[PDB]
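The file run15.txt contains compact mmCIF, C-alpha atoms and all ligand atoms:
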```txt
# COMPACT_ATOMS: atom_id res chain seq x y z
CA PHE I 37 -15.29 9.24 6.20
CA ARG I 38 -13.15 11.31 3.70
CA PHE I 39 -9.50 11.83 4.39
CA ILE I 40 -5.92 12.80 3.52
CA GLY I 41 -3.71 9.80 4.09
CA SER I 42 -0.18 8.60 3.41
CA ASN I 43 2.04 5.52 3.28
CA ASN I 44 5.00 4.25 5.26
CA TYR I 45 6.60 0.86 4.75
CA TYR I 46 8.97 0.53 7.73
CA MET I 47 6.44 0.60 10.60
CA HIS I 48 6.99 -3.25 11.14
CA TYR I 49 10.77 -3.22 11.68
CA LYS I 50 12.13 0.21 12.83
CA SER I 51 12.62 1.37 16.38
CA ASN I 52 10.05 2.90 18.74
CA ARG I 53 11.58 6.35 18.25
CA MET I 54 11.28 6.05 14.49
CA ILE I 55 7.68 4.68 14.55
CA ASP I 56 6.56 7.32 17.02
CA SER I 57 8.09 10.01 14.75
CA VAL I 58 6.03 8.85 11.74
CA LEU I 59 2.75 8.61 13.69
CA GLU I 60 3.29 11.89 15.58
CA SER I 61 4.12 13.59 12.27
CA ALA I 62 0.88 12.17 10.76
CA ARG I 63 -1.14 13.45 13.73
CA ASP I 64 0.59 16.92 13.59
CA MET I 65 -0.12 17.10 9.86
CA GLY I 66 -3.78 16.12 10.02
CA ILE I 67 -3.12 12.88 8.12
CA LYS I 68 -5.90 10.52 9.28
CA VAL I 69 -4.98 7.18 7.59
CA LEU I 70 -1.56 5.52 7.05
CA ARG I 71 -1.12 2.59 4.68
CA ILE I 72 1.63 0.23 5.91
CA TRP I 73 3.10 -3.15 5.07
CA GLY I 74 2.07 -6.18 7.17
CA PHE I 75 4.56 -8.62 5.55
CA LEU I 76 8.19 -9.69 5.71
CA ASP I 77 8.47 -12.84 3.61
CA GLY I 78 11.60 -14.97 3.30
CA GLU I 79 14.53 -15.77 5.46
CA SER I 80 17.00 -13.46 3.60
CA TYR I 81 14.65 -10.46 3.81
CA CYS I 82 13.94 -11.10 7.54
CA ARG I 83 17.57 -11.56 8.28
CA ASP I 84 18.49 -8.31 6.45
CA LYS I 85 16.21 -6.37 8.84
CA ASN I 86 16.83 -8.71 11.78
CA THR I 87 13.02 -8.82 11.98
CA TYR I 88 10.94 -11.84 11.32
CA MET I 89 7.32 -12.36 10.19
CA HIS I 90 7.27 -15.13 7.64
CA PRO I 91 10.74 -16.50 7.07
CA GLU I 92 9.60 -19.91 5.72
CA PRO I 93 6.31 -21.79 5.09
CA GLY I 94 4.41 -22.36 8.40
CA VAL I 95 6.94 -20.23 10.43
CA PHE I 96 5.29 -17.02 11.73
CA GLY I 97 7.60 -14.78 13.83
CA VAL I 98 11.13 -15.54 14.85
CA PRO I 99 12.48 -19.12 14.10
CA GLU I 100 13.17 -21.32 17.14
CA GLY I 101 16.89 -20.95 18.01
CA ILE I 102 17.29 -17.50 16.55
CA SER I 103 18.09 -15.08 19.38
CA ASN I 104 18.36 -11.28 19.63
CA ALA I 105 15.94 -10.81 16.68
CA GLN I 106 12.93 -8.55 16.39
CA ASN I 107 9.47 -10.10 15.85
CA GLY I 108 7.65 -8.04 13.10
CA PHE I 109 4.30 -8.86 14.77
CA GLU I 110 5.54 -7.16 17.94
CA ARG I 111 6.67 -4.12 15.91
CA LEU I 112 3.26 -4.10 14.07
CA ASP I 113 1.71 -4.40 17.55
CA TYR I 114 3.61 -1.31 18.79
CA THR I 115 2.65 0.66 15.61
CA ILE I 116 -1.05 -0.31 16.07
CA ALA I 117 -0.99 0.57 19.76
CA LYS I 118 0.64 3.99 19.05
CA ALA I 119 -1.69 4.71 16.11
CA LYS I 120 -4.61 3.94 18.44
CA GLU I 121 -3.28 6.45 21.02
CA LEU I 122 -2.63 9.11 18.36
CA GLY I 123 -5.95 8.67 16.49
CA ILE I 124 -4.45 7.41 13.21
CA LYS I 125 -6.25 4.63 11.23
CA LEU I 126 -4.18 2.01 9.41
CA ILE I 127 -4.64 0.09 6.15
CA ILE I 128 -2.48 -3.07 6.39
CA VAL I 129 -1.28 -4.73 3.12
CA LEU I 130 -0.77 -8.51 3.31
CA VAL I 131 1.79 -9.36 0.50
CA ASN I 132 3.81 -7.39 -2.06
CA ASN I 133 3.56 -7.88 -5.82
CA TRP I 134 7.26 -6.78 -5.89
CA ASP I 135 10.27 -8.50 -4.42
CA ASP I 136 10.85 -5.95 -1.65
CA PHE I 137 10.29 -7.77 1.66
CA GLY I 138 10.09 -11.04 -0.30
CA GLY I 139 6.78 -10.59 -2.13
CA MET I 140 5.02 -13.08 -4.32
CA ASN I 141 8.33 -14.30 -5.87
CA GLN I 142 9.45 -15.38 -2.39
CA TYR I 143 6.38 -17.60 -2.11
CA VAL I 144 7.07 -18.97 -5.63
CA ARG I 145 10.72 -19.80 -4.61
CA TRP I 146 9.44 -21.65 -1.54
CA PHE I 147 7.16 -23.83 -3.56
CA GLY I 148 9.60 -24.41 -6.43
CA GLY I 149 7.57 -22.53 -9.08
CA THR I 150 8.91 -20.85 -12.19
CA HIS I 151 7.08 -17.51 -12.62
CA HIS I 152 5.89 -14.73 -10.28
CA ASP I 153 2.24 -15.38 -11.36
CA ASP I 154 2.35 -19.00 -10.08
CA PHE I 155 1.51 -17.21 -6.77
CA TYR I 156 -2.08 -16.82 -7.98
CA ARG I 157 -2.40 -20.35 -9.38
CA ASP I 158 -0.43 -22.87 -7.24
CA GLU I 159 -2.84 -24.23 -4.56
CA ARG I 160 0.11 -24.86 -2.21
CA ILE I 161 1.08 -21.20 -2.46
CA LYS I 162 -2.52 -19.95 -2.02
CA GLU I 163 -2.83 -22.18 1.06
CA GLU I 164 0.37 -20.72 2.58
CA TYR I 165 -0.90 -17.14 1.93
CA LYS I 166 -4.13 -18.01 3.67
CA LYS I 167 -2.23 -19.55 6.62
CA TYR I 168 -0.20 -16.37 6.98
CA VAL I 169 -3.18 -13.99 6.71
CA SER I 170 -5.15 -16.13 9.27
CA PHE I 171 -2.14 -16.01 11.72
CA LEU I 172 -1.94 -12.17 11.27
CA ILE I 173 -5.67 -11.39 11.44
CA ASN I 174 -6.01 -13.59 14.61
CA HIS I 175 -2.93 -12.21 16.25
CA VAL I 176 -3.50 -10.73 19.72
CA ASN I 177 -1.64 -7.41 20.03
CA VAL I 178 0.83 -7.66 22.97
CA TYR I 179 0.38 -3.91 23.88
CA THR I 180 -3.47 -3.87 23.84
CA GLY I 181 -4.88 -7.40 24.31
CA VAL I 182 -7.11 -6.84 21.28
CA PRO I 183 -6.76 -9.29 18.32
CA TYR I 184 -6.30 -7.47 15.04
CA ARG I 185 -9.67 -8.97 13.92
CA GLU I 186 -11.35 -6.76 16.59
CA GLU I 187 -9.10 -3.71 16.45
CA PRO I 188 -10.90 -0.58 15.13
CA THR I 189 -7.53 1.29 14.62
CA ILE I 190 -7.25 -1.00 11.59
CA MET I 191 -9.38 0.52 8.88
CA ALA I 192 -8.92 -2.14 6.19
CA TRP I 193 -7.07 -5.24 5.01
CA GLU I 194 -5.52 -5.16 1.60
CA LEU I 195 -4.78 -8.34 -0.31
CA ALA I 196 -1.67 -7.38 -2.27
CA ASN I 197 0.31 -4.26 -2.99
CA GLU I 198 0.22 -3.42 -6.74
CA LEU I 199 -0.72 -6.93 -7.80
CA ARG I 200 -0.18 -7.69 -11.47
CA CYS I 201 -0.62 -10.83 -13.60
CA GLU I 202 0.99 -10.10 -16.97
CA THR I 203 0.67 -13.83 -17.95
CA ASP I 204 -3.15 -13.50 -18.09
CA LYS I 205 -4.13 -10.35 -19.85
CA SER I 206 -7.85 -11.43 -19.88
CA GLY I 207 -7.83 -10.26 -16.23
CA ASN I 208 -9.63 -13.55 -15.17
CA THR I 209 -6.76 -15.00 -13.06
CA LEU I 210 -6.73 -11.92 -10.75
CA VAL I 211 -10.53 -11.74 -10.60
CA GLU I 212 -10.68 -15.39 -9.43
CA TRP I 213 -7.77 -14.90 -6.96
CA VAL I 214 -9.26 -11.69 -5.49
CA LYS I 215 -12.71 -13.32 -5.15
CA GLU I 216 -11.14 -16.26 -3.30
CA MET I 217 -8.90 -14.25 -1.04
CA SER I 218 -11.27 -11.40 -0.21
CA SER I 219 -14.03 -13.98 0.66
CA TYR I 220 -11.46 -15.89 2.77
CA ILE I 221 -10.59 -12.71 4.76
CA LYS I 222 -14.34 -11.93 5.31
CA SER I 223 -14.70 -15.48 6.64
CA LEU I 224 -11.93 -14.71 9.24
CA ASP I 225 -13.01 -11.16 10.02
CA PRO I 226 -16.44 -9.87 9.39
CA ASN I 227 -15.65 -6.45 11.06
CA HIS I 228 -13.11 -4.87 8.67
CA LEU I 229 -13.17 -3.41 5.22
CA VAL I 230 -11.30 -5.39 2.47
CA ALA I 231 -9.63 -3.81 -0.60
CA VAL I 232 -7.23 -5.18 -3.16
CA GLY I 233 -4.32 -2.65 -3.03
CA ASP I 234 -3.81 -2.66 -6.89
CA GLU I 235 -2.75 0.29 -9.03
CA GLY I 236 -6.14 0.68 -10.74
CA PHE I 237 -5.35 -0.41 -14.31
CA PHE I 238 -8.09 -0.72 -16.86
CA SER I 239 -8.57 -3.32 -19.53
CA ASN I 240 -9.83 -1.62 -22.76
CA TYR I 241 -13.08 -0.02 -21.56
CA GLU I 242 -15.06 1.73 -24.34
CA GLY I 243 -14.54 5.45 -24.07
CA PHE I 244 -11.50 5.31 -21.73
CA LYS I 245 -8.21 6.29 -23.25
CA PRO I 246 -5.19 7.84 -21.73
CA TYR I 247 -4.46 11.51 -21.76
CA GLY I 248 -2.12 12.43 -24.62
CA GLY I 249 -1.90 8.74 -25.84
CA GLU I 250 0.81 8.05 -23.25
CA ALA I 251 1.02 5.07 -20.88
CA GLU I 252 -1.57 3.24 -22.95
CA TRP I 253 -0.58 -0.02 -21.22
CA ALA I 254 -2.26 1.35 -18.01
CA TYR I 255 -5.54 1.52 -19.97
CA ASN I 256 -5.41 -1.50 -22.25
CA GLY I 257 -5.04 -4.41 -19.86
CA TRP I 258 -1.31 -5.14 -20.23
CA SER I 259 -0.83 -5.93 -16.53
CA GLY I 260 -3.74 -8.46 -16.32
CA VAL I 261 -5.71 -6.05 -14.01
CA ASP I 262 -9.38 -5.28 -14.84
CA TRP I 263 -10.09 -2.71 -12.17
CA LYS I 264 -13.87 -2.46 -12.92
CA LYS I 265 -14.23 -6.28 -12.61
CA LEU I 266 -12.27 -6.34 -9.37
CA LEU I 267 -14.33 -3.48 -7.83
CA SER I 268 -17.51 -5.40 -8.71
CA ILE I 269 -16.52 -8.30 -6.43
CA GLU I 270 -19.05 -8.56 -3.58
CA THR I 271 -16.34 -9.09 -0.93
CA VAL I 272 -14.30 -6.03 -1.99
CA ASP I 273 -15.54 -2.91 -0.18
CA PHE I 274 -13.70 -0.04 -1.87
CA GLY I 275 -11.50 0.57 -4.94
CA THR I 276 -7.87 1.42 -4.80
CA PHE I 277 -5.70 3.12 -7.39
CA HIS I 278 -2.13 4.39 -7.56
CA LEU I 279 -0.60 7.17 -9.72
CA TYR I 280 2.99 7.52 -10.86
CA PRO I 281 3.09 9.14 -14.30
CA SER I 282 6.92 9.40 -14.17
CA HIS I 283 7.16 5.59 -13.87
CA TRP I 284 4.62 4.84 -16.52
CA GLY I 285 5.94 6.65 -19.58
CA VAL I 286 4.10 9.96 -19.36
CA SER I 287 6.05 13.10 -20.39
CA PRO I 288 6.77 15.63 -17.61
CA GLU I 289 4.56 18.33 -19.27
CA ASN I 290 1.67 15.82 -19.23
CA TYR I 291 2.11 14.54 -15.61
CA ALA I 292 -0.56 16.92 -14.24
CA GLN I 293 -3.24 16.31 -16.89
CA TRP I 294 -2.52 12.54 -17.26
CA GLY I 295 -2.94 12.24 -13.43
CA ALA I 296 -6.10 14.42 -13.62
CA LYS I 297 -7.75 12.23 -16.25
CA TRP I 298 -6.68 9.05 -14.31
CA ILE I 299 -8.42 10.38 -11.17
CA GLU I 300 -11.54 11.46 -13.06
CA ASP I 301 -11.83 8.12 -14.82
CA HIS I 302 -11.46 6.09 -11.61
CA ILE I 303 -13.95 8.24 -9.69
CA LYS I 304 -16.49 7.99 -12.60
CA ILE I 305 -16.25 4.18 -12.67
CA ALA I 306 -16.46 3.75 -8.88
CA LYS I 307 -19.40 6.12 -8.63
CA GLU I 308 -21.31 4.05 -11.20
CA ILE I 309 -20.53 0.83 -9.36
CA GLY I 310 -21.50 2.54 -6.09
CA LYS I 311 -18.46 1.88 -3.89
CA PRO I 312 -15.95 4.21 -2.37
CA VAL I 313 -12.62 4.90 -4.04
CA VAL I 314 -9.23 5.82 -2.65
CA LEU I 315 -6.23 7.24 -4.49
CA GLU I 316 -3.98 5.44 -2.05
CA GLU I 317 -0.50 6.15 -3.53
CA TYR I 318 0.59 9.01 -5.76
CA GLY I 319 3.94 10.62 -6.26
CA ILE I 320 6.00 12.93 -8.58
CA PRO I 321 9.75 12.81 -8.36
CA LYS I 322 11.30 15.75 -6.45
CA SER I 323 13.59 16.35 -9.46
CA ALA I 324 10.76 16.56 -12.08
CA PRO I 325 10.88 19.78 -14.22
CA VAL I 326 7.38 20.78 -13.07
CA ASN I 327 5.98 22.33 -9.91
CA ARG I 328 5.35 19.20 -7.68
CA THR I 329 3.30 21.05 -5.13
CA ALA I 330 1.01 22.46 -7.83
CA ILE I 331 0.46 18.91 -9.40
CA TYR I 332 -0.33 17.60 -5.85
CA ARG I 333 -2.76 20.52 -5.37
CA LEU I 334 -4.49 19.81 -8.61
CA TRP I 335 -4.83 16.09 -7.82
CA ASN I 336 -6.11 16.58 -4.28
CA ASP I 337 -8.58 19.25 -5.57
CA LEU I 338 -9.90 16.85 -8.06
CA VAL I 339 -10.33 13.98 -5.59
CA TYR I 340 -12.10 16.45 -3.19
CA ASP I 341 -14.37 18.17 -5.85
CA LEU I 342 -15.33 14.95 -7.58
CA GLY I 343 -16.33 13.16 -4.36
CA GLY I 344 -13.50 10.62 -4.07
CA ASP I 345 -13.13 9.25 -0.54
CA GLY I 346 -9.42 9.76 0.05
CA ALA I 347 -6.07 10.82 -1.29
CA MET I 348 -2.86 9.36 0.15
CA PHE I 349 0.59 10.46 -0.98
CA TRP I 350 3.55 8.14 -1.19
CA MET I 351 5.16 8.68 1.26
CA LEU I 352 5.64 10.09 4.82
CA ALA I 353 8.79 9.49 6.82
CA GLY I 354 10.09 10.77 10.20
CA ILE I 355 13.40 10.97 12.03
CA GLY I 356 16.11 8.51 10.97
CA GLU I 357 18.77 6.46 12.83
CA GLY I 358 21.85 4.38 12.13
CA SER I 359 22.49 3.88 8.41
CA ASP I 360 19.08 5.36 7.44
CA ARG I 361 19.71 8.98 8.46
CA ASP I 362 20.25 11.89 6.02
CA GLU I 363 21.98 15.35 6.33
CA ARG I 364 19.14 16.67 8.59
CA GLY I 365 18.78 13.46 10.73
CA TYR I 366 15.57 12.24 8.88
CA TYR I 367 14.99 8.93 7.25
CA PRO I 368 16.49 9.54 3.83
CA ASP I 369 14.66 10.34 0.66
CA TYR I 370 15.79 7.21 -1.26
CA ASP I 371 13.12 7.34 -3.99
CA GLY I 372 12.53 11.07 -4.56
CA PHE I 373 8.98 10.99 -3.14
CA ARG I 374 9.67 11.39 0.67
CA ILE I 375 7.64 14.10 2.47
CA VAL I 376 8.44 14.93 6.13
CA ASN I 377 6.77 17.29 8.64
CA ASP I 378 9.01 20.30 7.63
CA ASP I 379 8.58 23.73 5.90
CA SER I 380 8.49 22.38 2.33
CA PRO I 381 5.66 23.55 0.14
CA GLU I 382 4.43 19.92 -0.16
CA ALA I 383 4.28 19.52 3.62
CA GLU I 384 2.47 22.86 3.87
CA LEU I 385 -0.01 21.77 1.20
CA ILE I 386 -0.82 18.47 2.93
CA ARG I 387 -1.42 20.39 6.20
CA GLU I 388 -3.75 22.73 4.33
CA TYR I 389 -5.74 19.90 2.66
CA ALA I 390 -5.94 17.77 5.79
CA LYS I 391 -8.10 20.62 7.20
CA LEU I 392 -10.60 20.39 4.24
CA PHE I 393 -11.19 16.64 3.70
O1 LIG I 401 7.36 2.45 31.19
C1 LIG I 401 6.20 2.97 30.52
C2 LIG I 401 6.46 2.71 29.01
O2 LIG I 401 7.77 3.22 28.57
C3 LIG I 401 8.01 3.12 27.11
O3 LIG I 401 6.95 3.88 26.45
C4 LIG I 401 7.28 5.08 25.77
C5 LIG I 401 6.54 4.99 24.44
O4 LIG I 401 7.15 3.89 23.70
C6 LIG I 401 6.71 6.38 23.81
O5 LIG I 401 5.86 6.35 22.68
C7 LIG I 401 6.25 7.52 24.70
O6 LIG I 401 4.85 7.24 24.99
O7 LIG I 401 6.91 7.58 26.00
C8 LIG I 401 6.87 6.29 26.69
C9 LIG I 401 7.74 6.30 27.97
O8 LIG I 401 7.31 7.31 28.90
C10 LIG I 401 7.90 1.64 26.58
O9 LIG I 401 7.80 1.60 25.11
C11 LIG I 401 6.68 0.88 27.19
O10 LIG I 401 6.65 -0.56 26.95
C12 LIG I 401 6.35 1.22 28.67
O11 LIG I 401 5.02 0.79 28.96
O1 LIG I 402 5.52 2.72 -7.49
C1 LIG I 402 5.36 1.26 -7.87
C2 LIG I 402 6.10 0.94 -9.13
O2 LIG I 402 6.80 -0.26 -8.88
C3 LIG I 402 7.58 -0.87 -9.90
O3 LIG I 402 8.98 -1.00 -9.41
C4 LIG I 402 9.36 -2.09 -8.50
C5 LIG I 402 10.56 -2.78 -9.09
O4 LIG I 402 10.30 -3.02 -10.47
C6 LIG I 402 10.86 -4.09 -8.37
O5 LIG I 402 12.13 -4.55 -8.86
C7 LIG I 402 10.91 -3.96 -6.83
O6 LIG I 402 12.10 -4.60 -6.27
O7 LIG I 402 10.69 -2.61 -6.33
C8 LIG I 402 9.83 -1.69 -7.10
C9 LIG I 402 8.61 -1.44 -6.28
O8 LIG I 402 8.01 -0.22 -6.71
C10 LIG I 402 7.11 -0.40 -11.35
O9 LIG I 402 8.25 -0.25 -12.22
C11 LIG I 402 6.07 0.77 -11.57
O10 LIG I 402 5.23 0.76 -12.81
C12 LIG I 402 5.21 0.94 -10.34
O11 LIG I 402 4.75 2.29 -10.39
```
Would you write the structure of this file as structure tokens?
Ligand SMILES: OC[C@H]1O[C@H](O[C@H]2[C@H](O)[C@@H](O)[C@@H](O)O[C@@H]2CO)[C@H](O)[C@@H](O)[C@@H]1O
Ligand SMILES: OC[C@H]1O[C@H](O[C@H]2[C@H](O)[C@@H](O)[C@@H](O)O[C@@H]2CO)[C@H](O)[C@@H](O)[C@@H]1O
Amino acid sequence: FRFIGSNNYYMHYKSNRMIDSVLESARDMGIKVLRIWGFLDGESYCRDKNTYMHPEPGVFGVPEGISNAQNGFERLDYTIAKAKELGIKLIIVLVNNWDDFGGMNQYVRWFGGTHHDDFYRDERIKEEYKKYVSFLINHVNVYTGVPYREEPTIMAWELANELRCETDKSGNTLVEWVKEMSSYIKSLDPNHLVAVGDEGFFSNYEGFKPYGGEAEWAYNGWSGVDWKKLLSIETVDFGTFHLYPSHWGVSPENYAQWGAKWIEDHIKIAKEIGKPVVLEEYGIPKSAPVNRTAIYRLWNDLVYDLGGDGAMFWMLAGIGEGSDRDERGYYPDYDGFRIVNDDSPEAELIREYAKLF
């Protein structure tokens, strides 16, 4: 299984029309796998979307006495059921490193901690994360009758989107957390693949330096991520990496080659370890002073020619509604990375590559 994939983060709280637009666009484009969020942590974040998944510790779904609210499990159920009809496979991420939709800092606020990375260390927080993931993985989909544990439309669980641990640059805290959590998920669900969902950073590996000497922090362990050590964990099935040179300090004239070397390095390491590897987010800002389509072509050619298992752009959106609707009626391009199923050269490129992978 090799594929072109994408991401969409609003599949657990937008309307049926909007969810069907994303998944129909994926099918029409040849996009075989969509990576989505399976979290909405904290009462403020749930209230902002009037959709509830984990508003407080031990509360899963809508709090007793709250009426006229959406249940994010029901919306996830509808997305799964539609993806199953349309032949799209889903990778579902279980918590966010970042504060969007609550993230790890929401868990740290619940348990009265004092730094984001207490999420990995406080046993009361780890227990709450396991209680949440057990509730989700055991959840019976209301549109299918099939618990997520048994649902083949789900391709993989991911532990945490873009997890970082800057307080432990040895990389050990994340290794121990990923071992514990990936083994815990395998104990709940022996059927599905497990991946971390990290960006792929290295931690000073002999012979691996960045292109051009830029974004050295992605190679020298600054974020507390040792990708090679994480991929070596027995209960992690495939490696994940992300690629945003414009966020990371690379110059625009080096975006293409920095990305190219990033992809080559990750494929080399995963091939030696002997597990599959997925470039599961990449993006160049629409306003960058370079040809975005040609960078995306180069990167997808490299993943394809070097034997990587998938390439997934951030991000695919569909029709919009309400306050999230742009000048053409789509969900807006808020971050400069949105692709939709239109006549843009990016959209045409994805269609072309989805025929080859
Ligand atoms: O009453 C049958 C059916 O109607 C609605 O289903 C939509 C579905 O959501 C769309 O994706 C598309 O398939 O057209 C259908 C209606 O013809 C409801 O969502 C559903 O609960 C219900 O079973
Ligand atoms: O593309 C991921 C990107 O994320 C970071 O930005 C965070 C932001 O810092 C947080 O405040 C949060 O609320 O939302 C954003 C989620 O992306 C990083 O700055 C960057 O290195 C990383 O690529």
### Task
Write out as an NGL selection string each polymer residue (protein, DNA or RNA) that has an atom no more than 12 Å from ligand LIG 401 (chain I), with only C-alpha atoms and all ligand atoms counted.
:I and (51-60 or 110-111 or 113-122 or 178-180)
How would the residues just picked look written out with C-alpha atoms as a PDB file, keeping the file's coordinate frame?
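Generated output (selection.pdb):
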```
ATOM      1  CA  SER I  51      12.620   1.370  16.380  1.00  0.00           C
ATOM      2  CA  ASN I  52      10.050   2.900  18.740  1.00  0.00           C
ATOM      3  CA  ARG I  53      11.580   6.350  18.250  1.00  0.00           C
ATOM      4  CA  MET I  54      11.280   6.050  14.490  1.00  0.00           C
ATOM      5  CA  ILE I  55       7.680   4.680  14.550  1.00  0.00           C
ATOM      6  CA  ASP I  56       6.560   7.320  17.020  1.00  0.00           C
ATOM      7  CA  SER I  57       8.090  10.010  14.750  1.00  0.00           C
ATOM      8  CA  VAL I  58       6.030   8.850  11.740  1.00  0.00           C
ATOM      9  CA  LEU I  59       2.750   8.610  13.690  1.00  0.00           C
ATOM     10  CA  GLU I  60       3.290  11.890  15.580  1.00  0.00           C
ATOM     11  CA  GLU I 110       5.540  -7.160  17.940  1.00  0.00           C
ATOM     12  CA  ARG I 111       6.670  -4.120  15.910  1.00  0.00           C
ATOM     13  CA  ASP I 113       1.710  -4.400  17.550  1.00  0.00           C
ATOM     14  CA  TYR I 114       3.610  -1.310  18.790  1.00  0.00           C
ATOM     15  CA  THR I 115       2.650   0.660  15.610  1.00  0.00           C
ATOM     16  CA  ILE I 116      -1.050  -0.310  16.070  1.00  0.00           C
ATOM     17  CA  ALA I 117      -0.990   0.570  19.760  1.00  0.00           C
ATOM     18  CA  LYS I 118       0.640   3.990  19.050  1.00  0.00           C
ATOM     19  CA  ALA I 119      -1.690   4.710  16.110  1.00  0.00           C
ATOM     20  CA  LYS I 120      -4.610   3.940  18.440  1.00  0.00           C
ATOM     21  CA  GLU I 121      -3.280   6.450  21.020  1.00  0.00           C
ATOM     22  CA  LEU I 122      -2.630   9.110  18.360  1.00  0.00           C
ATOM     23  CA  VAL I 178       0.830  -7.660  22.970  1.00  0.00           C
ATOM     24  CA  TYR I 179       0.380  -3.910  23.880  1.00  0.00           C
ATOM     25  CA  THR I 180      -3.470  -3.870  23.840  1.00  0.00           C
TER      26      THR I 180
END
```
### Message
I need the residue nearest ligand LIG 402 (chain I) from this list: I:208, I:259, I:87, I:239. Use only C-alpha atoms and all ligand atoms for the distance.
### Response
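So, comparing all the options, the nearest one is I:259.
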### Query
Of the residues I:347, I:102, I:140, I:232, which is the one nearest to ligand LIG 402 (chain I), using only C-alpha atoms and all ligand atoms?
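Smallest separation from ligand LIG 402 (chain I) among the options: I:140.
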Could the centre and edge lengths of an axis-aligned box, enclosing all atoms of region 157-163 of chain I in the file with 4 Å extra on each side, be given in Å to one decimal as AutoDock Vina command-line options?
```
--center_x -0.9 --center_y -22.4 --center_z -4.2 --size_x 11.9 --size_y 12.9 --size_z 18.4
```
### Message
Env of region 316-327 of chain I: 8 Å cut, atoms = all atoms listed in the file, seq-sep filter 2 positions within chain, self excluded. Answer as a PyMOL selection string.
### Response
chain I and resi 41-43+71+276-282+288-289+314+329-331+346-351+371-373
Selected residues written out with C-alpha atoms, as a PDB file, in the frame of the given file:
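Full text of part_6.pdb as output:
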```
ATOM      1  CA  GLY I  41      -3.710   9.800   4.090  1.00  0.00           C
ATOM      2  CA  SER I  42      -0.180   8.600   3.410  1.00  0.00           C
ATOM      3  CA  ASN I  43       2.040   5.520   3.280  1.00  0.00           C
ATOM      4  CA  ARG I  71      -1.120   2.590   4.680  1.00  0.00           C
ATOM      5  CA  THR I 276      -7.870   1.420  -4.800  1.00  0.00           C
ATOM      6  CA  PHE I 277      -5.700   3.120  -7.390  1.00  0.00           C
ATOM      7  CA  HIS I 278      -2.130   4.390  -7.560  1.00  0.00           C
ATOM      8  CA  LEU I 279      -0.600   7.170  -9.720  1.00  0.00           C
ATOM      9  CA  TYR I 280       2.990   7.520 -10.860  1.00  0.00           C
ATOM     10  CA  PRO I 281       3.090   9.140 -14.300  1.00  0.00           C
ATOM     11  CA  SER I 282       6.920   9.400 -14.170  1.00  0.00           C
ATOM     12  CA  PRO I 288       6.770  15.630 -17.610  1.00  0.00           C
ATOM     13  CA  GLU I 289       4.560  18.330 -19.270  1.00  0.00           C
ATOM     14  CA  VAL I 314      -9.230   5.820  -2.650  1.00  0.00           C
ATOM     15  CA  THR I 329       3.300  21.050  -5.130  1.00  0.00           C
ATOM     16  CA  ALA I 330       1.010  22.460  -7.830  1.00  0.00           C
ATOM     17  CA  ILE I 331       0.460  18.910  -9.400  1.00  0.00           C
ATOM     18  CA  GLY I 346      -9.420   9.760   0.050  1.00  0.00           C
ATOM     19  CA  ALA I 347      -6.070  10.820  -1.290  1.00  0.00           C
ATOM     20  CA  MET I 348      -2.860   9.360   0.150  1.00  0.00           C
ATOM     21  CA  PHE I 349       0.590  10.460  -0.980  1.00  0.00           C
ATOM     22  CA  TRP I 350       3.550   8.140  -1.190  1.00  0.00           C
ATOM     23  CA  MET I 351       5.160   8.680   1.260  1.00  0.00           C
ATOM     24  CA  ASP I 371      13.120   7.340  -3.990  1.00  0.00           C
ATOM     25  CA  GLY I 372      12.530  11.070  -4.560  1.00  0.00           C
ATOM     26  CA  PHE I 373       8.980  10.990  -3.140  1.00  0.00           C
TER      27      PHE I 373
END
```
### Task
Could you tell me how far CA of residue 274 (chain I) lies from CA of residue 128 (chain I), in Å and to one decimal?
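If I compute the distance from CA of residue 274 (chain I) to CA of residue 128 (chain I), I get 14.3 Å.
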### Message
Just checking: using all atoms listed in the file, which residue out of I:176, I:192, I:272, I:95 ends up closest to residue 214 (chain I)?
### Response
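Of I:176, I:192, I:272, I:95, the one nearest residue 214 (chain I), counting all atoms listed in the file, is I:272.
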### Task
Grab me every residue within 6 Å of ligand LIG 402 (chain I), counting only C-alpha atoms and all ligand atoms, and send it over as a list in words.
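Here is the list of contacting residues: residues 134, 135, 136, 280, 283 and 284 of chain I.
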### Message
Give me, as a ChimeraX atom specification, all polymer residues having an atom no more than 12 Å from residue 168 (chain I), counting all atoms listed in the file and skipping those fewer than 2 positions away in the same chain.
### Response
/I:74-77,89-97,109,130-131,143,161-166,170-175,195,221
Take region 89-93 of chain I from the preceding structure and save N, CA and C atoms as an mmCIF file, in the first residue's frame.
```cif
data_model
loop_
_atom_site.group_PDB
_atom_site.id
_atom_site.type_symbol
_atom_site.label_atom_id
_atom_site.label_comp_id
_atom_site.auth_asym_id
_atom_site.auth_seq_id
_atom_site.Cartn_x
_atom_site.Cartn_y
_atom_site.Cartn_z
ATOM 1 N N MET I 89 -15.987 16.472 22.863
ATOM 2 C CA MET I 89 -15.381 15.146 22.972
ATOM 3 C C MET I 89 -14.775 14.890 24.316
ATOM 4 N N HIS I 90 -13.991 15.862 24.821
ATOM 5 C CA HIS I 90 -13.354 15.657 26.103
ATOM 6 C C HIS I 90 -13.278 16.990 26.822
ATOM 7 N N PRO I 91 -14.436 17.442 27.360
ATOM 8 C CA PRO I 91 -14.443 18.788 27.908
ATOM 9 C C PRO I 91 -13.738 18.849 29.278
ATOM 10 N N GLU I 92 -13.715 17.760 30.019
ATOM 11 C CA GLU I 92 -13.100 17.737 31.351
ATOM 12 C C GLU I 92 -12.648 16.309 31.653
ATOM 13 N N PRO I 93 -11.757 16.077 32.653
ATOM 14 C CA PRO I 93 -11.342 14.708 32.943
ATOM 15 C C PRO I 93 -12.528 13.783 33.242
#
```
